Amino acid sequence: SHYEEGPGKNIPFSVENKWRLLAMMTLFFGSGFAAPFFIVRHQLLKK
Amino acid sequence: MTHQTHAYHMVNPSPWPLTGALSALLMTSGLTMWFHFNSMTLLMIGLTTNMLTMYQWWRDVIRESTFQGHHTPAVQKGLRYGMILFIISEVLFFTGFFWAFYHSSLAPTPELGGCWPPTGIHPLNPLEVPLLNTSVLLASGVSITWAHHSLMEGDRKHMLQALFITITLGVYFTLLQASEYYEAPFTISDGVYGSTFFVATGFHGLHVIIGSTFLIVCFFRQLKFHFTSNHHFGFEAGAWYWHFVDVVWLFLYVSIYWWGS
Amino acid sequence: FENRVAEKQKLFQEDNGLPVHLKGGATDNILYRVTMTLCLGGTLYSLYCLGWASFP
Amino acid sequence: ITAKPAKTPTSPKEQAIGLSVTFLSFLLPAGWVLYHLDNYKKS
Amino acid sequence: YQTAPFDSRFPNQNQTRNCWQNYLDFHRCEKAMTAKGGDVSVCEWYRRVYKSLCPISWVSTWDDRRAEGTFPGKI
Amino acid sequence: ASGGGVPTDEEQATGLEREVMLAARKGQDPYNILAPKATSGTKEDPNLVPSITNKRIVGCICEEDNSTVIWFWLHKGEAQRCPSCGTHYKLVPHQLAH
Amino acid sequence: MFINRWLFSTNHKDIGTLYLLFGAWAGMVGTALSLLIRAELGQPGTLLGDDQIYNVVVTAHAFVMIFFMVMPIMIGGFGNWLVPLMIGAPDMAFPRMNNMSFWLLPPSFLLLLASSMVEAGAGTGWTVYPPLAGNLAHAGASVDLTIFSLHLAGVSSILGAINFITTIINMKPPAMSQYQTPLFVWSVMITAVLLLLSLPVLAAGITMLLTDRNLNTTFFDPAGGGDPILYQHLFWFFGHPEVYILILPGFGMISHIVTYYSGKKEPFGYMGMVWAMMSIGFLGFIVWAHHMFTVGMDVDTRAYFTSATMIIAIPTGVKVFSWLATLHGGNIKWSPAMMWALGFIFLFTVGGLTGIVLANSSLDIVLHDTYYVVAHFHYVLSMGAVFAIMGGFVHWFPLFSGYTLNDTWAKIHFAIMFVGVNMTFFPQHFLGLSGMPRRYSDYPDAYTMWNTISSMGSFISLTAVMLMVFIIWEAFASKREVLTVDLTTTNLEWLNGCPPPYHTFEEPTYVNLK
Amino acid sequence: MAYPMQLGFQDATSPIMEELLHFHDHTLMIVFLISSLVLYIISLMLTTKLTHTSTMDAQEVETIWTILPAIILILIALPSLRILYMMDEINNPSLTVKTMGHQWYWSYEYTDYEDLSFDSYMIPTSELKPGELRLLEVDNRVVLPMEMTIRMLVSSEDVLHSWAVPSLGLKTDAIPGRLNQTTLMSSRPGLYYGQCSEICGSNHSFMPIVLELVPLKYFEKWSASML
Amino acid sequence: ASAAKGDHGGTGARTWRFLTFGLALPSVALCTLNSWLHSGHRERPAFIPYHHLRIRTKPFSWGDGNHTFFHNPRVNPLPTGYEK
Amino acid sequence: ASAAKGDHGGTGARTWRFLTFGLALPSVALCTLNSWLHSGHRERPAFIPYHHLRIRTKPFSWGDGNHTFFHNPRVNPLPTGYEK
Ligand code: HEA
Ligand code: HEA
Ligand SMILES: [Cu+2]
Ligand SMILES: [Cu+2]
Ligand SMILES: [Cu+2]
Ligand SMILES: [Mg+2]
Ligand code: NA
Ligand SMILES: [Zn+2]
C-alpha cells in the first residue's frame, strides 16, 4: 500500500505551500458561497 | 501490525460505489427527461450502468467469499445483521403504502361517492386468481424450505430440485399477476382505488421479480458448487427475502383484495 | 456437474498484486473500462441536459 | 494538547493577507451580484 | 331558522360529511316524495341546512353531476 | 451414510476462513475471535498479552460493572500495570498468525 | 493513486474526511441562502421579487442545511472517523457500501441545485406538501428533481445506518459489552436506528407525490378521492424523528466534550444517559401530529399529541442535568470547545423549552406557522446542532489533521458567532407572538424593527463563518504538529497519535473477561 | 392588529384569546424559572477552584430531577387541556359564514338565507388612502355581528391556505375538499386584521383578512345592500 | 376452516419434500382448476363518465399520452368512452 | 404510533432488568396516573325495561336468585328497575 501518512498526508488536497492552499481554499468555500447568488441572478434574468 | 490479527475483512478499493452512485444520477435525471422532455436515452444508459455495477459488485463479493476465503464467522454474523436490517427498512417502505390505503378506504371522500370501493370501480374477485396467487407463493415457501434442508444435508440433486420448483412457482405468479393487470377493469388513473391498488401490488410485483432473480443467481452458484452444507449465506439471504415477499403478499391479499374490495 | 471451484480459488489467490475486480482476467478490464466510460459520458450528457433545460 | 512549534509559522503580515483574501473571496462575488439586482429586474 | 344547528353525529372540526349527508338526504327525500306524490309533500329542512354549510362550488358541481348523471352518490 | 454431493468446509473452506477454522479445532485463537479470560494479575501471575509486535493496546475493565474501560499500550519488557487498578500485564509473542 | 484513495476508498477515515469536506462546502451554500433570506427581510418592501423566488431560496436553505451540511458532518464525518476508533474496530462493517453512501451525496446535491435552475424552481417550503407541490401549482421538472434529490439522499443514509448498526453491534472487542461503549457511539447507534425506520416512510410519501404528478394517481388529490392531509402524516412520521436524528449525535459529542474538559474519567450517570437517549428515540416516533394542530383533527386526538409530546421533556431533562453534574467537581479547562459545549447546554435548553410552549395545541393554534416556531427551531439547530458541530470540530481537529488550531482565534470566532445568532433569532420570538407569519417576503410595517435587528444579526454570523475559514487556513499554514494529549486512558480515539495511521487496530486491542 | 415594537400577543378580542393570554403567562412564567435555574447551576459549577473528580453516585439525585419535571408538566398540561376542549366545545351558533381560499384572495359566502357571496383582495400599496395599513387592507371586509357566536367554515378551491385572525385567537388551515369548522365570537366592535397562514404561491404574503364587526342591525342592512 | 394434518410439518428434508408434493402442489392444482373452472369473461362495464375515474392531470409519457400502460381495449374505456 | 428505542431489547439479564425498570414499569405508572386522572364516576344509566337485557330464564342459585354475582346496586338495575 503506497499511502503516505502523517500531518498533511491524510487529506485530498496539498498542504505544502501556505499560499497555494490559500488559493485552493478560497476557490473551494468561495464557489460554495457564491453559487446561490448566481442562481438567483439566473432566475431574475428570465422570461 | 501489517499482518492482521482480527477475523475481519478489509475490502480492496472498488470503483463500484462510484459507478453505482453515478448510476443513481443517470436513472433519476434520466426519469426526469422522460417524464418531461419526453425521452428515454439517459434512462436507458442509467439502467445499463446500474446492471453493470451490480453485476460486478456482487461478482467481487463472491470472489472474496467463495474463492478468496474472506468470510470468517465474524464476517458472516455481520452480513446477517445487515440483511436483517435491510429487510426491516423494506417492511417500513410497504408501510407507507398500506397506510395510504387504510386511510383512503377507512374514510372515503364524498368525491368517491362516500363509499368503498368507490362508485364505478369493479373490484376483482379475491376468490378467483388472487387465491391462486396466494396458494402459489405459499407453496414456494414450503418448497424453498425443502431446498434449504437438502442443502444442509449435502443433497445436491434435491436442493437443485426444490430450488427449481420454487423459482418456477415464483415465475408462475409473475405471469398470472401480469395477466390480471391486463384483464383488470381499473387502472392507476382511476382515482384512489386504482392508485392505491396498482402501486402496492406493483411495488410488490417488482419485489417478486427482484427476489426471483436472486434465487436464480443462487441456482447457478449451486450448479457451480459454490455453497457448502454450512456456508451459504447468499441462500439464507435469498430465502429470507423470499419469505418477506410472501408475507407482504399475504397482507395485500387480506387488505386490498379481500377487505378493500 | 463441474466443481472446479478449487481452480478458481488458486486463481484469485494468486498474489499478482491486482485488486479483486481485475484479478479475474482481461475481460474484467474491458468490462471495467466499459462501465467507467458509460458512467462518465452519461454524467456529461445529463450535465448538458440539465443545462439546456435551465433556460426558457 | 501540547505541540511542537510551527514548522512554518505565519507572521502577522501573512495572517493579514490571508484574512483579507478570505473575506474578499466571500464578499466580492455576492457584492457584484447584489449590486446589479435592479439591472436584472429591469432585465 | 338562523342557521344549521349542532349535529352530534357530526361533532368534530371536520364538517365535510355534514354538508354531504344533508345534500344527499334532501335530494333522496325529494325523489322519494316525487315517486309517491304524498299529497305533494316537500322535505325543505335538508335543503336549508346543506345550503348553509356546503360551499357554493360543491353544490354547483354536485348538481351538474346529477344532471349529467355522473353523481357518485346514491340517491 | 448416503448423501447427495454438496462440499464441506472441511474440504472447501479456503483463505482466512479455513485458517481460523483449523486453529479453532486445535483450540488456539490466532485471530482474536474470543475473549481472553483473566489471571490473578499479581506481579507473579500477570495477564499475558500476546502480540504480533513490540506493543499492544490493553483495555482494562477494572471492575465488572464498569461502563468505562481503561486503555493503555503494553510494551515488550517488564510487566506493566493498569493505571486505575495495578493489575499486571506482560507482553508475549503472538503465535499461529501467517 | 489519488483516484484509488479518494474515489475508490474503503477507509472509514478517508471517507469521514470526504464527508466533512462535502459538509463544509454545503455549509457555505446554506449560509448564503440564509443571508439572502434576511437581506430580503431587513427592510420593508421587496428586494428579490414575488414569494416564488423568495420561497425557492427558503426551501433551498432548509434542504442544504439539514440533508447536506448537518447530516453529512455529524454522521458521515464524526460518525465515520470516530466510531471505529472508539470501539477499537479495524474499519466499518461494509467499507465498500460505506463509500457509496458518500458518493450518492453529490449527485443528490446536483439534483437539488438543478431543481432551482429549471423553470421557476420549487417555492414549496421544505415540507413540499401538495396541492402546492402538484403538477398544476408547480407544473414542471423542478419539484420532481427535488424529489429525486431526496430519494438519493435517503438511500445514502439508510445504507449508512445499516453499516453503523452492524459495526457498532458486531465489531466491538469480545469482552466489551454495549454498556461499555462511549456515549457518542450509543448516540450514533440510536440515530442509525431512527433513520432506518423513518426514512423509508418518507421515500414512500414522496414516491406517492411523484406518481401523483406524473402517472395520474390521486393519493393526495380529492378529485380522485385523495387527501392532501394524508401526505402531511406520512411526511411528519419521518419529519419529527428527523429533528431528533439531527440532535442525538450532538448530544453524544457534547457528553464527550464536557466530560473531557472537566477532567472527569466518565460522564455523570452514564446508564441514565443511555436510557435518556433510548427514550427520546422512542417517544420521537409517536408524536408527529404536533405538526398538524391547525389542520382539522379531532380534539381528543389533538389532546393525545400534546400530552405525548410533553413527556419527552423528562428524559431530555435527565440529560441536561447529568451534563451539569459532570461539570461538577471538575477541574475546568476553558478551551474553545468547552465554550461551544456550555453554549450548547444553555441555548439548547431555552430552545427546547420554547418548544414545550408549542406542544400545547390550544396555544399552538395562534403560534403555528409564525416566526415563533422559526425562533424555536433556530435555537436548537443554529445554537444546538451547529454549536455541537463546532465544539466537536475544534476538539477533534488535531486528531484528524495532526495540526493544532490557534486557541485565541478559536475563541474570538466563538465570541462573534454567539452575538450573531442570539441577535438574529431572539427578536423573532416577538415577531411571532405579535403575529408575523412564516414564509413571507414582506411584512406589515409594524414588524420593521425586529426584522431589521434580526437581519443585522445575520451579518455578524456571516463574519464568524468567514473567520472560521481563515482559522482553518492558518492551522494548515503554520503546521504546529501535536506532541501530547491528556486523558487518553479513557479516550481511545487519541491512542494512535494525531493523525492515526491509515490502518489502526490491525492487531486487536486486548480486553480480559473478568 | 399589531403595533410597532410589539413584544407579546395582540390584545385579546374574544374570551378564548384572553383565556390563552393567561395560559401563556402561566407557561412563560415556568420557562423563566427553569431557564434561570439552569443558568444559575451552570455558573455555579464553573465558579470554584474546589475539585472532586473521583466517581460520584447517580439516581439517588436522578429521582429528583425526574419526578419534579413530571409534576411541572402536569401543571401545564391541565390548564392547556382545559382550554383545548373549551375551544372545541358545544356552542350554538346563530350564523354560519364560509370562506374559501383562492390563489391570492379569499371569497366569503353568507348563505343561511339569501346567497350573499363576494371576494376580498388586498388594496395595492398605491391605491391606499392615507392612514390605511400598508399590507393589511382588503377591499371588502367580512362584516359580522359583534357579540354573537358565529360558525366559520374554512376551505379552499386550490392549494392549501390557512385563515387566521390572531386578535380572536383563530387559525384554521383551508384545505380543498375539506370543510373545517371554527367558532368565532367577538365582544368588541371594530376592525380585526389577519393574514394567510400557509405557504401558497407568489402572493402568499398578499391575501389578508379583515373583520369588520358592527352590531346586528348594521350587519342586516350591510348584507342586503351587499345583495 | 382450520387445519390438523396429523404429523410432520417440521425438520428433516424428507419431511419438507413430502409437504411440497403432498400438500403444497396439490393445492396449487386445485386452485388452478378452480380458477379456470370459472375462467369465463366479465362483460365490459357500462360506461358512465364519472369524474373521479379516468383521471388525467398530465399525459402519460408514452403513446398518445392517454393510454394507460396495461390498457386493455375491451374492459378499459378512455375518458371519452370505450375504445370501440 | 410506532417504536424505535435505539438499542437493546434482547439477550442478557442486565438488558431485561433494564427494560423492566426503564420501559415496562414507567408505562404502568403513566397508565395508572392516566386511569385515575379520569377516575371519576359514570352517572347510572337511565332505566328502560328493554327485553333483551336483565334476562332471567332461571333464577340464580344464590341470594334471592335475582341478583347477579357482582351486582352493583348503583349502576346495575334489577329487571323491575334500579335497586333504589
Ligand atoms: C434540532 C431539532 C429539534 C429539536 C431538538 C426540537 C425539540 C422539540 N421541539 Fe421542535 N421544531 C424543530 C426542531 C426540533 N425541535 C423544527 C425543525 C421545527 C419546525 C419545522 C417546520 O415545521 O418547518 C419544530 C417545530 C416544533 C413543533 C410545531 C410548532 C408549529 O409549527 O405549530 C413542536 C410542537 O410541539 C415542537 C416542539 C418541540 C419539543 C417538545 C421538543 C423537545 O425535544 C424539547 C425538550 C427540551 C427541553 C424541555 C429542555 C431540557 C429539559 C429541562 C431543562 C428540564 C425541565 C423541563 C420542563 C419541566 C419543561 N417543535
Ligand atoms: C440545521 C438547520 C438550519 C440552520 C443551522 C439554519 C440557519 C440559518 N437560518 Fe434557517 N431555517 C431552517 C434551517 C436552518 N436554518 C429551516 C428548516 C427553515 C424552514 C424552511 C421552511 O419554511 O420550509 C429555516 C427558516 C429560516 C428563516 C425563516 C424563513 C421564513 O419562514 O420566511 C430564516 C429567516 O430569518 C432563517 C434564518 C437562518 C439564518 C440567518 C441562519 C444562520 O444562523 C446561519 C449562520 C451560519 C451557520 C450557523 C452555519 C455555519 C456552520 C457551518 C456552515 C459549519 C462549518 C463546518 C465545519 C465546522 C467543518 N432560516
Ligand atoms: Cu415535531
Ligand atoms: Cu394563501
Ligand atoms: Cu398563503
Ligand atoms: Mg400550516
Ligand atoms: Na421584504
Ligand atoms: Zn484496571
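Each Cβ is built from the backbone N, Cα and C atoms, and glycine gets one as well.
Feature annotation from Swiss-Prot assigns Mg(2+) binding site to G:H368, G:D369; the stated evidence is experimental evidence. In this view, G:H368 (Mg(2+) binding site) is surrounded by 26 other Cβ atoms within 10 Å of its Cβ, with every protein chain counted.
Summarising the annotation, Swiss-Prot assigns heme a3 binding site to G:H376 and lists experimental evidence as the type of evidence. Neighbour list (G:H376 (heme a3 binding site), Cβ cut-off 8 Å, at least 6 residues apart, same chain): G:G351, G:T354, G:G355, G:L358.
Here the topological domain 'Mitochondrial matrix' (G:1-11) has long-range neighbours at 18, 91, 95-96, 98-99, 502, meaning same-chain residues at least 6 beyond its ends whose C-beta is under 8 angstroms from one of its own. The topological domain 'Mitochondrial matrix' annotation in Swiss-Prot covers G:1-11 (among others).
Taken from Swiss-Prot, the feature topological domain 'Mitochondrial intermembrane' applies to G:41-50 (among others).
Marked as topological domain 'Mitochondrial matrix' by Swiss-Prot on the basis of experimental evidence: G:87-94 (among others). The list of residues near the topological domain 'Mitochondrial matrix' (G:87-94) in space but at least 6 beyond its ends in sequence, with Cβ under 8 angstroms from a Cβ of it, reads 10-12, 80, 162-164, 166-168, 170-173, 176, 181-182, 185, 492, 503-506, 508-509.
Outside the topological domain 'Mitochondrial intermembrane' (G:118-140), and at least 6 residues removed from its termini, the chain residues within Cβ reach (under 8 Å) are 51-56, 58-60, 62-63, 66, 146-147, 206, 209, 212-214, 220-221, 228, 231-232, 235, 239, 439. Under the heading topological domain 'Mitochondrial intermembrane', Swiss-Prot lists G:118-140 (among others), citing experimental evidence as support.
Residues or ranges marked as topological domain 'Mitochondrial matrix' in Swiss-Prot (evidence: experimental evidence): G:171-182 (among others). Long-range neighbours of the topological domain 'Mitochondrial matrix' (G:171-182) within the same chain, counting only residues 6 or more positions beyond its ends whose Cβ lies under 8 Å from a Cβ of the stretch, are 84, 86-90, 93, 256, 271, 274, 492, 508-509, 511-514.
The feature topological domain 'Mitochondrial intermembrane' is assigned by Swiss-Prot to G:213-227 (among others). Within its own chain, the topological domain 'Mitochondrial intermembrane' (G:213-227) is flanked in space by residues 130-131, 133-135, 143-144, which lie at least six positions past its ends and keep a Cβ under 8 Å from the stretch.
For the topological domain 'Mitochondrial matrix' (G:262-269), the number of residues in each DSSP class (helix H, G, I; strand E, B; coil) is 0 helix, 0 strand, 8 coil. Residues annotated as topological domain 'Mitochondrial matrix' in Swiss-Prot, with experimental evidence given as evidence: G:262-269 (among others).
Annotated topological domain 'Mitochondrial intermembrane' per Swiss-Prot: G:287-298 (among others), in sequence order, evidence recorded as experimental evidence.
For the topological domain 'Mitochondrial matrix' (G:328-335), the residues of the chain that approach it from at least six positions outside its boundaries are 261-264, 268, 394-395, 407, judged by C-beta separation under 8 angstroms. According to Swiss-Prot, the feature topological domain 'Mitochondrial matrix' maps to G:328-335 (among others), an assignment based on experimental evidence.
What Swiss-Prot lists as topological domain 'Mitochondrial matrix' is G:401-406 (among others), and the listing cites experimental evidence.
Within the chain carrying the topological domain 'Mitochondrial intermembrane' (G:434-446), a Cβ under 8 angstroms from the stretch's Cβ atoms is held by residues 40-41, 44-46, 48-51, 54-55, 58, 125, 369-371, 373-374, all 6 or more beyond its ends. Marked as topological domain 'Mitochondrial intermembrane' by Swiss-Prot: G:434-446 (among others).
Counting residues 6+ beyond its ends, the topological domain 'Mitochondrial matrix' (G:479-514) has Cβ neighbours under 8 Å at 11, 13-14, 82, 84-86, 88-90, 173-176, 182, 260, 263, 265-266, 396, 398-404 in the same chain. Feature annotation from Swiss-Prot assigns topological domain 'Mitochondrial matrix' to G:479-514 (among others).
With a cut-off of 8 Å between Cβ atoms, the residues of this chain six or more beyond the transmembrane segment (G:12-40) that come close are 5-6, 46-48, 54, 57-58, 60-61, 64-65, 68-70, 72-73, 76-84, 91-92, 95, 98-99, 102, 105-106, 109, 400, 424, 441, 454-455, 458-459, 461-462, 465, 499-500, 502. Summarising the annotation, Swiss-Prot assigns transmembrane segment to G:12-40 (among others) and lists experimental evidence as the type of evidence.
Here Swiss-Prot flags G:51-86 (among others) as transmembrane segment, drawing on experimental evidence.
The stretch with the most CB contacts under 8 Å to the transmembrane segment (G:270-286), chosen from G:51-86, G:183-212, G:228-261, G:336-357, G:407-433, is G:183-212.
If one looks beyond the transmembrane segment (G:371-400) by at least 6 residues along the same chain, the residues whose Cβ comes under 8 Å of a Cβ in the stretch are 16-17, 20, 65, 70, 73-74, 78, 81-82, 243, 246-247, 249-251, 253-254, 256-257, 260, 335-341, 343-344, 347-348, 350-352, 354-355, 357-358, 410, 414, 417, 421-422, 424-426, 428-429, 431-433, 436-438, 475, 482, 485, 493-494, 498-500.
When Cβ-Cβ distances below 8 Å are used as the criterion, the transmembrane segment (G:183-212) is approached by residues 75, 78-79, 82-83, 86-87, 128, 130, 133-135, 143-144, 147, 150-151, 154, 157-158, 160-162, 164-165, 168-169, 218-221, 226, 231, 234-235, 237-239, 241-242, 244-245, 248-249, 251-253, 255-256, 267, 270, 273-274, 277-278, 281, 284-285 of the same chain, each at least six residues removed from its ends. Same-chain neighbours of the topological domain 'Mitochondrial intermembrane' (G:287-298): 229, 232-233, 236-237, 239-240, 305-306, 308-309, 312, 358-359, 361, 364-365, 368-369, counting only residues six or more beyond its ends whose CB sits under 8 Å from a CB of the stretch. Mapped onto three states, the DSSP output places G:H368 (Mg(2+) binding site) in coil. Contact between the transmembrane segment (G:299-327) and the transmembrane segment (G:228-261) is supported by 3 or more Cβ pairs under 8 Å, counting only residues 6 or more apart in sequence. For the transmembrane segment (G:447-478), same-chain residues at least 6 beyond its ends with a Cβ under 8 Å from one of its own Cβ atoms are 27-28, 31, 34-35, 37-39, 41-44, 397, 401, 403-406, 409-410, 412-413, 416-417, 419-425, 427-428, 430-431, 434, 436.
Same-chain neighbours of the topological domain 'Mitochondrial matrix' (G:262-269): 183, 255-256, 318, 322-323, 325-333, 487, 489-490, counting only residues six or more beyond its ends whose CB sits under 8 Å from a CB of the stretch.
Counted within 10 Å of its Cβ, the other Cβ atoms near G:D369 (Mg(2+) binding site) come to 25, all protein chains included.
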